[PDB]
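One chain is shown next in structure tokens, namely the form deposited in one PDB entry.
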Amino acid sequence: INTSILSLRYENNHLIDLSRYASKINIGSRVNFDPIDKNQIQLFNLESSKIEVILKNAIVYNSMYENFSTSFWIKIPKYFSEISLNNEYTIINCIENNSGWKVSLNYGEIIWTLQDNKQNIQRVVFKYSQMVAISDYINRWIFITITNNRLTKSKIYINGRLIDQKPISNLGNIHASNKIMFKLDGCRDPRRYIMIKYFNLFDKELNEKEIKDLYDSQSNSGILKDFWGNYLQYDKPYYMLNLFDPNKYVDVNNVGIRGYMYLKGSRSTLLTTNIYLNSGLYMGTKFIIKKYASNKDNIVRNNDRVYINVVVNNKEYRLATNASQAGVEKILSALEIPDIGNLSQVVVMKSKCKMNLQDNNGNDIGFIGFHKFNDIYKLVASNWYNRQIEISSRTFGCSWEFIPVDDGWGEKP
């Protein structure tokens, strides 16, 4: 990263190039920086929503030989209607006089285009489906890396994994733009946006190990993430997804110590014919993470000790258990916050098993997952999980995602 030729970052209260070249950034009047993490840039389908990088003359691409790579993270809202079918739109443009490079999007596609001075084109494409129960890609932060070896191939990587490659040895002189324009160009959906972060340009072909290291290093692994890959936050309502049984959602039979929380039913079907078919995500009891031990910001960090509130009939209850009940599996209840007394409720948050319940002495009661009790999948804390994780890398019932409302998903709250 310290040897990138362009490193676009929000640092010291402004968007600048941190590279040694210090290229000029021109921003339009409708570029939105996420208050929680201002490196997350939102570009709307508006002419004033644009970032233009004016490259130093030293790094403008004009070569038959120079290898180069780009890396960035992108969050692409779900395509909601037929207006998005068959509508390729440019998002990152370094084409001038029908030569250079660009990144483009289409319904279920991320496209890399290289064009030489003879106007010959090579494209590499990542395709993802919107006909999927739970998507890895729709409206979630994904890590893009494109590498170009002028003697061999153009390669697209997604989350550090090679997806597509095409030969480019038959392309000649490439004279790209001296400007890079981040802007939605030719998108017919007026509500479309993208979110982008951590843009870099490199004057080399990155190798698989460098791409994996970049993915790991830009993941911010000390900070817990929500389903969308935004930072997990305190005092923000979350719908819960269990990764072991994703078609079930959380409910509470009754509040109080005699009640329990459990995984039930089937998720709804979100359907727009020929456009998407997904599992509904805004279902079941909402969870809210509350500060207990701690930073003064609202970000949930690895090993933070917290309370979990659950929302039942529009009122907040406390997720808790009597750790003294029979068996390693401790059934969780939703209790009245006042007069909780000495019941076990402190959760250690971990950045897939996120929630380690502790007794008031600071001993592990175990990761929160579930267990079957007479045909009922009750939520439990269980040290069985803690042990199993240390001796296998399988998915367990303690694997959760936290899903807040996000306008890029489009489901009604």
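Start at 1 with the first residue shown and count on from there.
Separately, the form deposited in another entry exists; it is not shown, and the next lines address it.
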>> Of the candidates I158, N120, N220, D235, which marks the hinge of the rigid-body movement between the shown form and the other one?
In response: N220
> Against the shown form, C-alpha atoms of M64 and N120 in the other entry: closer or farther, for a change of 3 Å or more?
Replying inline: farther
> Against the shown form, C-alpha atoms of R191 and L241 in the other entry: closer or farther, for a change of 3 Å or more?
Replying inline: farther
